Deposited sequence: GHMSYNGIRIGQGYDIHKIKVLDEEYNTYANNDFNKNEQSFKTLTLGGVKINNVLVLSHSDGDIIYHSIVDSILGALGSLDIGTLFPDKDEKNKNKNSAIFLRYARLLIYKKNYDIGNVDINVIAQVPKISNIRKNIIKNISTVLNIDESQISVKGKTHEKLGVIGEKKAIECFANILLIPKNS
């Protein structure tokens, strides 16, 4: 099998409801108290997209296929999968597309959370947010989405 450098991209989207004037969202392990997420899961697009980026990189079946609370269970599986396949994470770059919340205000916390759950250094993690210019389903605050991009580097 292929044991060289591997690229992965994870994608996720969840429906949200912003608590304006007319379950609580979790994002990179950080509770977002002014936004509700309409999902059976915790709605954490960052954690979910990171997991699928890792699975994708290794050619494993995705979380939905493998397993038809949970975000922590999936992140620990992914961490241990990387280890048992003799890989290290190089870096991860995460793009959140969302009107709200403001990722730059919670970046440090998200990066700390990701570093802890994956057992990597904060210097290996990037998380950035961009609005959708108030256009389309994301722009009208009906949903938020995440693209997670990762490199896995073979050990020795």
No C-alpha positions exist for deposited residues 1 to 3, 26 to 41, 88 to 95, 184
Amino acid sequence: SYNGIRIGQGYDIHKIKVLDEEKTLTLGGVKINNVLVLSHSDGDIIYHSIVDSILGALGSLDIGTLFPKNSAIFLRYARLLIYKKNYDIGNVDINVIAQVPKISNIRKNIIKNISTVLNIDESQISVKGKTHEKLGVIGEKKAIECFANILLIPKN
From here on, numbers count along this sequence of modelled residues.
The stretch carrying the higher mean Cα B factor in the deposited entry, 13 to 21 or 133 to 141, is 13 to 21
Once average C-alpha B-factors are taken from the entry for 34 to 42 and 122 to 130, the winner is 34 to 42
Comparing C-alpha B-factors across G64, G28, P101, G56 in this entry, the winner is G64
Per the deposited B-factor column, the C-alpha that peaks among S49, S115, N70, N105 belongs to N70
